[PDB]
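> Below: one structure in structure tokens.
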Amino acid sequence: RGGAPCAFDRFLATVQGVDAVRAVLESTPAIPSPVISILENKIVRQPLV
Amino acid sequence: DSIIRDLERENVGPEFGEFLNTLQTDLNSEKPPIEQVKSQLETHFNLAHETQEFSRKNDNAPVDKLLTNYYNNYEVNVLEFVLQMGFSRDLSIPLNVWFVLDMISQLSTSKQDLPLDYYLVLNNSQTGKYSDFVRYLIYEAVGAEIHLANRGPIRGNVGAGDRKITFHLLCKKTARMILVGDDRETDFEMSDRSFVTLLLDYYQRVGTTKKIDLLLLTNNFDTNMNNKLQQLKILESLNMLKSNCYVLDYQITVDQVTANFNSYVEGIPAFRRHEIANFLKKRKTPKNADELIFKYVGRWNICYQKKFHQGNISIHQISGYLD
């Protein structure tokens with residue numbers, strides 16, 4: 001659980017982190033609460049539910 | 001229509017939105033689309049009195065046909081790279097638009113013209129909001145039903161001589177889209193200072209080395225950054241103006257900026273040289289030091305000649321380069 005993140009994690013957290021902020025701004029009650037996910041090397045916003 | 005939605009938002013009145021539905025060019029008719037959208041503007045927005053006053057207040061200057069007037073068929077139709085450094089604070093948004101459209105109108109009389117490239121810079125909060133209304137009006141004017149995009153130049157055939165055109169609208173929206181790789185979320189601040197330099201960054205990245213042959217300069221809003229003298233000076237600096245570039249400054253309001261511009265362009269080499277230096281000692285501070293105005297200072301050795309003048313509207317041409 002300890003130590004510096006690996007190359008991929010550094011990328012994954014930084015990129016999903018930026019999208020999380022975007023997902024907040026890009027929100028309305030009509031658009032469901034997401035989980036910032038990764039699929040085919042593409043960041044995707046899946047529903048938390 | 002997508003534009004009409006963003007308009008109602010940016011505090012723009014119903015007038016503009018409404019116009020984009022009463023706007024229709026007849027593809028069949030002998031009268032060119034640019035002239036059709038040109039008349040439709042004066043008809044809907046009533047630019048009849050404002051143009052009369054824009055003429056009257058400038059000593060009956062033919063604001064109407066400024067190029068047609070000074071140039072001849074060849075000279076006008078030979079100009080191929082135009083940069084219009086903003087809209088004039090003294091005129092309404094439609095009159096500015098109408099003027100833009102009218103410039104292209106004059107530049108495309110003949111059918112024996114090498115393609116035109118017109119760039120229009122909307123550099124402040126007041127004008128930027130109308131860029132998409134301006135691009136829609138141009139998409140019609142040039143008749144891009146030849147074969148619109150969120151970002152990108154409008155191509156078509158324009159004027160009486162069906163001249164090939166490529167209209168480039170440079171603005172902050174386009175700048176914000178570019179920086180974020182066209183990401184949906186563009187709601188972040190950009191200052192008009194930041195803006196001038198990203199324009200310069202794009203020109204330096206785009207590999208543009210085709211020279212400006214007609215410079216339209218006016219009384220832009222946000223004088224602090226969007227200054228005419230400071231605008232001219234930077235283009236002088238960067239080797240961006242053609243050896244025989246024409247420079248048209250147009251407005252109604254006369255101010256210190258106008259006197260200075262006039263005294264620089266119209267001034268003897270010693271004068272020009274001292275101005276560049278006086279500004280440098282007077283305005284440069286260690287905080288200020290990095291500004292584009294401290295790097296791209298002008299070239300006193302560029303010589304101009306008065307080619308036309310009617311109180312507050314003038315054409316000067318680059319006469320020679322001292323070295």
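Every chain in the structure tokens has a letter given in the order shown (A, B, ...), and although residue numbers restart at 1 in each chain, ligands are simply numbered from 1 in the order shown.
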Residues of chain B were defined as contacting chain A if any atom lay at most 10 Å from it, counting only C-alpha atoms; please report them as an MDAnalysis selection string.
chainID B and resid 183:187
> Output N, CA, C and O atoms for every residue in the selection just made, as a PDB file, in the first residue's frame.

ATOM      1  N   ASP B 183     -11.753  20.364 -25.486  1.00  0.00           N
ATOM      2  CA  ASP B 183     -12.519  19.783 -24.370  1.00  0.00           C
ATOM      3  C   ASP B 183     -13.743  20.662 -24.074  1.00  0.00           C
ATOM      4  O   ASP B 183     -13.674  21.899 -24.211  1.00  0.00           O
ATOM      5  N   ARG B 184     -14.872  20.001 -23.748  1.00  0.00           N
ATOM      6  CA  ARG B 184     -16.171  20.600 -23.453  1.00  0.00           C
ATOM      7  C   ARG B 184     -16.039  21.794 -22.498  1.00  0.00           C
ATOM      8  O   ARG B 184     -16.534  22.876 -22.810  1.00  0.00           O
ATOM      9  N   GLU B 185     -15.302  21.613 -21.389  1.00  0.00           N
ATOM     10  CA  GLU B 185     -15.091  22.628 -20.360  1.00  0.00           C
ATOM     11  C   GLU B 185     -14.007  23.648 -20.743  1.00  0.00           C
ATOM     12  O   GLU B 185     -12.812  23.367 -20.641  1.00  0.00           O
ATOM     13  N   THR B 186     -14.460  24.830 -21.198  1.00  0.00           N
ATOM     14  CA  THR B 186     -13.648  25.983 -21.606  1.00  0.00           C
ATOM     15  C   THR B 186     -13.836  27.173 -20.633  1.00  0.00           C
ATOM     16  O   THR B 186     -13.221  28.229 -20.826  1.00  0.00           O
ATOM     17  N   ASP B 187     -14.671  27.010 -19.591  1.00  0.00           N
ATOM     18  CA  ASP B 187     -14.924  28.096 -18.645  1.00  0.00           C
ATOM     19  C   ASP B 187     -13.796  28.378 -17.645  1.00  0.00           C
ATOM     20  O   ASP B 187     -13.870  27.976 -16.464  1.00  0.00           O
TER      21      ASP B 187
END
> Among region 23-272 of chain B, which ones does DSSP assign to strand (DSSP E) (computed from the backbone)? Answer as a PyMOL selection string.
chain B and resi 81-85+116-122+154-158+163-171+212-218+241-250
> Once you have the residues from the selection above, write them out as an mmCIF file, in the first residue's frame, restricted to C-alpha atoms.

data_model
loop_
_atom_site.group_PDB
_atom_site.id
_atom_site.type_symbol
_atom_site.label_atom_id
_atom_site.label_comp_id
_atom_site.auth_asym_id
_atom_site.auth_seq_id
_atom_site.Cartn_x
_atom_site.Cartn_y
_atom_site.Cartn_z
ATOM 1 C CA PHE B 81 -3.640 39.053 -47.222
ATOM 2 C CA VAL B 82 -5.817 41.307 -45.004
ATOM 3 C CA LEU B 83 -5.642 41.537 -41.159
ATOM 4 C CA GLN B 84 -8.364 43.574 -39.456
ATOM 5 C CA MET B 85 -7.156 44.385 -35.904
ATOM 6 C CA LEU B 116 -8.211 36.417 -50.808
ATOM 7 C CA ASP B 117 -7.265 35.728 -47.126
ATOM 8 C CA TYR B 118 -9.064 37.953 -44.610
ATOM 9 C CA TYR B 119 -8.366 37.658 -40.864
ATOM 10 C CA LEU B 120 -10.595 39.436 -38.321
ATOM 11 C CA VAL B 121 -9.426 39.764 -34.735
ATOM 12 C CA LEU B 122 -12.114 40.133 -31.977
ATOM 13 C CA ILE B 154 -14.827 29.807 -43.701
ATOM 14 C CA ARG B 155 -14.107 29.289 -47.384
ATOM 15 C CA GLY B 156 -16.197 30.326 -50.353
ATOM 16 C CA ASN B 157 -16.523 32.617 -53.345
ATOM 17 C CA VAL B 158 -17.181 36.273 -52.596
ATOM 18 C CA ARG B 163 -13.368 35.824 -55.863
ATOM 19 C CA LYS B 164 -12.084 32.814 -53.907
ATOM 20 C CA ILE B 165 -12.075 33.716 -50.181
ATOM 21 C CA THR B 166 -10.882 32.200 -46.914
ATOM 22 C CA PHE B 167 -12.198 34.093 -43.875
ATOM 23 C CA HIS B 168 -10.337 33.560 -40.534
ATOM 24 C CA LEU B 169 -11.943 34.757 -37.333
ATOM 25 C CA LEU B 170 -9.330 34.857 -34.520
ATOM 26 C CA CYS B 171 -10.881 35.189 -31.011
ATOM 27 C CA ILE B 212 -0.042 41.338 -44.677
ATOM 28 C CA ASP B 213 -0.759 43.753 -47.527
ATOM 29 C CA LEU B 214 -3.688 45.654 -45.937
ATOM 30 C CA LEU B 215 -3.815 46.559 -42.250
ATOM 31 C CA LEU B 216 -7.089 47.786 -40.853
ATOM 32 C CA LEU B 217 -6.458 49.544 -37.471
ATOM 33 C CA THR B 218 -9.231 51.166 -35.350
ATOM 34 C CA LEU B 241 3.906 43.541 -42.897
ATOM 35 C CA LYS B 242 4.641 43.378 -46.670
ATOM 36 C CA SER B 243 7.296 45.895 -48.013
ATOM 37 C CA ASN B 244 4.417 47.927 -49.492
ATOM 38 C CA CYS B 245 1.766 47.243 -46.912
ATOM 39 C CA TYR B 246 -1.142 49.721 -46.798
ATOM 40 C CA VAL B 247 -2.336 50.798 -43.391
ATOM 41 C CA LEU B 248 -5.862 52.037 -42.821
ATOM 42 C CA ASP B 249 -6.779 53.598 -39.402
ATOM 43 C CA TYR B 250 -10.464 54.421 -39.086
#
> Using only C-alpha atoms, which residues sit within 7 Å of residue 16 (chain A) once same-chain residues fewer than 4 positions away are excluded, as a ChimeraX atom specification?
/A:12,20,36,43
> For N, CA, C and O atoms, I'd like the residues from the last selection saved as a PDB file, in the first residue's frame.

ATOM      1  N   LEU A  12      -2.804   7.651 -14.519  1.00  0.00           N
ATOM      2  CA  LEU A  12      -4.191   7.313 -14.219  1.00  0.00           C
ATOM      3  C   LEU A  12      -4.852   8.236 -13.209  1.00  0.00           C
ATOM      4  O   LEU A  12      -5.960   8.698 -13.441  1.00  0.00           O
ATOM      5  N   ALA A  20     -12.462  14.372 -12.985  1.00  0.00           N
ATOM      6  CA  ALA A  20     -13.338  14.456 -11.820  1.00  0.00           C
ATOM      7  C   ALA A  20     -13.793  15.910 -11.633  1.00  0.00           C
ATOM      8  O   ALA A  20     -15.000  16.158 -11.505  1.00  0.00           O
ATOM      9  N   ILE A  36     -15.284   8.070 -12.120  1.00  0.00           N
ATOM     10  CA  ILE A  36     -14.328   8.238 -13.198  1.00  0.00           C
ATOM     11  C   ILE A  36     -13.612   6.900 -13.336  1.00  0.00           C
ATOM     12  O   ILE A  36     -12.990   6.422 -12.397  1.00  0.00           O
ATOM     13  N   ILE A  43     -10.649   7.287 -20.736  1.00  0.00           N
ATOM     14  CA  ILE A  43     -11.295   7.687 -19.489  1.00  0.00           C
ATOM     15  C   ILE A  43     -12.775   7.778 -19.802  1.00  0.00           C
ATOM     16  O   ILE A  43     -13.162   8.343 -20.820  1.00  0.00           O
TER      17      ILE A  43
END
> Hey, what does DSSP flag as alpha helix (DSSP H) within region 120-320 of chain B? Can you give it to me as a ChimeraX atom specification?
/B:125-128,131-141,172-179,192-205,228-237,256-265,269-283
> Show me, as a PyMOL selection string, the residues that have an atom within 8 Å of residue 3 (chain B) when counting only C-alpha atoms, minus same-chain residues fewer than 6 positions from it.
chain B and resi 17+132-133
> Using only N, CA, C and O atoms, please write the residues we just selected to a file, as a PDB file, in the first residue's frame.

ATOM      1  N   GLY B  17     -30.162  37.448 -32.580  1.00  0.00           N
ATOM      2  CA  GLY B  17     -30.727  36.113 -32.662  1.00  0.00           C
ATOM      3  C   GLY B  17     -31.746  36.045 -33.780  1.00  0.00           C
ATOM      4  O   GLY B  17     -31.570  35.266 -34.720  1.00  0.00           O
ATOM      5  N   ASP B 132     -19.395  34.031 -33.450  1.00  0.00           N
ATOM      6  CA  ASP B 132     -20.235  33.018 -34.094  1.00  0.00           C
ATOM      7  C   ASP B 132     -21.387  33.590 -34.873  1.00  0.00           C
ATOM      8  O   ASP B 132     -21.667  33.112 -35.966  1.00  0.00           O
ATOM      9  N   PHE B 133     -21.945  34.708 -34.412  1.00  0.00           N
ATOM     10  CA  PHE B 133     -22.922  35.428 -35.223  1.00  0.00           C
ATOM     11  C   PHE B 133     -22.181  35.900 -36.527  1.00  0.00           C
ATOM     12  O   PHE B 133     -22.739  35.788 -37.624  1.00  0.00           O
TER      13      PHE B 133
END
> Region 99-123 of chain B near region 33-41 of chain B within 9 Å: what's each residue's closest atom pair and its distance in Å to one decimal, counting only C-alpha atoms, ordered by chain then ascending residue number, as a tab-separated table?

residue	atom	partner	partner_atom	distance
B:101	CA	B:38	CA	6.8
B:102	CA	B:38	CA	7.3
B:104	CA	B:34	CA	8.4
B:105	CA	B:34	CA	6.9
> Could those selected residues go to a file with C-alpha atoms, as a compact mmCIF listing (two decimals), in the first residue's frame?

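Contents of out_35.txt, freshly written:
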# COMPACT_ATOMS: atom_id res chain seq x y z
CA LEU B 101 -18.51 42.65 -45.06
CA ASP B 102 -18.15 45.88 -47.10
CA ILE B 104 -14.52 42.12 -48.64
CA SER B 105 -17.11 43.55 -51.07
> To one decimal place, how far is CA of residue 230 (chain B) from CA of residue 294 (chain B) in Å?
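For CA of residue 230 (chain B) relative to CA of residue 294 (chain B), the distance reads 10.2 Å.
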> Suppose you want the space between CA of residue 309 (chain B) and CA of residue 90 (chain B); what is it in Å?
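Taking CA of residue 309 (chain B) as the start and CA of residue 90 (chain B) as the end point, the length is 18.6 Å.
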> Which distance in Å separates CA of residue 11 (chain B) and CA of residue 128 (chain B), to one decimal?
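About the pair CA of residue 11 (chain B) and CA of residue 128 (chain B): they are 12.4 Å apart.
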